[PDB]
Every structure is written in structure tokens, then in C-alpha cells.
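Numbers here are sequence positions counted from 1.
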Amino acid sequence: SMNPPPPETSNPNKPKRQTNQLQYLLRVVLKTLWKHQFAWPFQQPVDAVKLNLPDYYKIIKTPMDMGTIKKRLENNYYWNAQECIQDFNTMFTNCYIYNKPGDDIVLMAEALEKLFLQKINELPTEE
Ligand SMILES: CCn1cnc2c1c(=O)[nH]c(=O)n2Cc1ccc(Cl)cc1
């Protein structure tokens with residue numbers, strides 16, 4: 001089953017801002033998760049063809065991945081840190097919806113999420 005167009009990483013008519021919190025989300029939260037040993041399946045949109053997951057986009061109607069989030073952060077797509085945090089939460093939730101508890105990909109998601117919650121705990125107050 002085939003791949004949809006990926007989520008946008010630009011949108012000229014969407015409002016956006018730069019904040020120290022969004023910068024922390026790029027410099028710290030994304031960079032740290034990206035370098036983890038379990039990050040690779042989350043670094044790009046799910047390719048349902050290559051991975052032989054033909055049901056994926058029958059079940060996941062709001063897909064999200066850290067490649068997308070990385071480009072959104074780099075391109076100043078967001079209005080505030082909350083919009084970005086939702087994207088990470090969408091990514092994790094999709095994983096938990098599509099797969100079974102304790103599947104390898106779910107353990108990977110859980111490790112990344114643990115780390116995510118740790119880094120978000122030190123999100124600086126908006127300056
Ligand atoms: C997080 C999106 N994603 C990327 N690859 C995935 C998935 C997924 O949700 N379920 C999957 O089954 N696979 C394939 C897969 C399965 C196990 C491992 Cl260790 C890696 C990828």
C-alpha cells in the first residue's frame with residue numbers, strides 16, 4: 001500500500017515565531033533524540049512500501065516523524081513550543097496505536113519518550 005505525500009515543513013501563510021524555547025527544542029530536545037541508538041525508525045516518514053506495512057496509512061491518519069519535526073524547527077514553522085511538543089506526542093501516540101505493547105518498535109518509542117520527558121522538564125522559561 002502506498003505512501004501519502006509527507007507532512008509539510010513549510011507553509012507561507014501559517015503564522016510563526018522564534019522563541020528561546022523553540023530554539024531549545026532544536027538544539028537540545030531534537031538533537032539528543034536524533035543521536036540515540038533507537039532513533040533511526042523515527043528519522044523519516046514511514047515508508048509503508050519498503051517496510052511492508054501496507055496497513056499503516058489505513059490506521060494512522062495523522063502521521064509524524066522526527067525528520068519532519070527537524071525540518072519544521074530549522075525552517076521556523078512553529079508559532080510556539082506547544083505546537084512542536086504536540087508533533088512529538090503525535091509521533092509517539094501513532095507508534096502506540098499501530099503496534100503491540102513490548103514489540104521492539106514500542107520499546108524504542110518508550111526509550112525515546114522517556115528521554116523526551118526528561119529534556120522537556122528543563123525547558124527554559126520563555127525569555
Ligand atoms: C515509528 C514508525 N515506524 C518505523 N518503522 C516501523 C514503524 C512502526 O510504527 N512500526 C513498525 O513495525 N515499523 C517497522 C519496524 C519494526 C521494528 C523495528 Cl526495530 C524497526 C522498524
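Ring geometry for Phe92 versus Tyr96: interplanar angle under 30°, hence parallel rather than tilted (30 to 60°).
Annotation: side-chain hydrogen bond (donor to acceptor under 3.5 Å, both in side chains) contacts of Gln86 (sequence neighbours excluded): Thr90.
With a 4.5 Å cut-off on side-chain heavy atoms, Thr19 and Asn80 do not count as touching. At a threshold of 4.5 Å between non-hydrogen side-chain atoms, the residues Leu117 and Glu113 count as touching. Residues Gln43 and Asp65 have side chains not in contact (no heavy-atom distance under 4.5 Å, counting atoms from C-beta outward). The side-chain heavy atoms of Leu25 and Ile120, taken from C-beta on, include a pair separated by under 4.5 Å. A 4.5 Å side-chain heavy-atom check between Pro45 and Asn3 finds every atom pair outside the cut-off. Contact check for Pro63 versus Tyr57: side-chain heavy atoms found under the 4.5 Å cut-off. A 4.5 Å side-chain heavy-atom check between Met66 and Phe88 finds at least one atom pair inside the cut-off.
Hydrophobic clustering (ILVMFWY, side-chain heavy atoms < 4.5 Å, transitive): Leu22 and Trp79 are in distinct clusters. When the side chains of ILVMFWY residues are joined at heavy-atom separations under 4.5 Å, either directly or via intervening members, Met64 and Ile60 end up in two distinct hydrophobic clusters. Linking ILVMFWY side-chain heavy atoms closer than 4.5 Å, directly or via other members, places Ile97 and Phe42 in two distinct hydrophobic clusters. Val46 and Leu33 fall into different hydrophobic clusters, where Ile, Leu, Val, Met, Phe, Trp and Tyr are joined by side-chain heavy atoms under 4.5 Å apart, directly or via other members. One hydrophobic cluster holds both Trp40 and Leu112 under the rule that ILVMFWY side chains link at heavy-atom gaps under 4.5 Å.
Residue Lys16 qualifies as enclosed at atom NZ: its count of foreign heavy atoms under 6.0 Å is above 12. With a 6.0 Å radius and a threshold of 12 heavy atoms from other residues, nucleotides or ligands, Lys61 has its NZ atom above the threshold. A 6.0 Å sphere centred on CD of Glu127 holds no more than 12 heavy atoms belonging to other residues, nucleotides or ligands. Taking a 6.0 Å sphere around NZ of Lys14, one finds it holds more than 12 heavy atoms contributed by other residues, nucleotides or ligands.
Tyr56 places no side-chain N or O within donor-acceptor distance of the main-chain N or O of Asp47, the cut-off being under 3.5 Å. In this structure a side-chain-to-backbone donor-acceptor pair under 3.5 Å is present from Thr93 to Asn89. Side chain of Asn20 to backbone of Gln23: no donor-acceptor contact under 3.5 angstrom is found.
Distance check, rounded to the nearest 0.5 Å: CG of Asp87 to CG of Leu73 gives 8.5 Å. The distance from atom OG1 of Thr62 to atom CE of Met91, rounded to the nearest 0.5 Å, is 14.5 Å. Here CD of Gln21 is found 7.5 Å from CD1 of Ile85. Values are rounded to the nearest 0.5 Å.
Taking every heavy atom of both residues into account, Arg72 and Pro7 meet most closely at NH2-CB, 3.9 Å. Nearest heavy-atom pair, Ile105 versus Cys95, reported as atom, atom and distance to 0.1 Å: O-SG, 3.6 Å. Taking all atoms of both residues into account, the shortest heavy-atom contact from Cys84 to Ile69 is SG-CG2, 4.0 Å. Between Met2 and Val49, the closest heavy-atom pair is CA-CG2, 4.2 Å. Nearest approach of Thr68 to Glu8, heavy atoms of both residues: CG2-O, 4.2 Å. Between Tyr77 and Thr9, the closest heavy-atom pair is CD1-O, 3.7 Å.
A side-chain N or O of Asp55 and one of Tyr98 form a donor-acceptor pair less than 3.5 Å apart.
A salt bridge links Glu74 and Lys70; the closest N-O separation between the charged side-chain nitrogens and carboxylate oxygens is under 4.0 Å.
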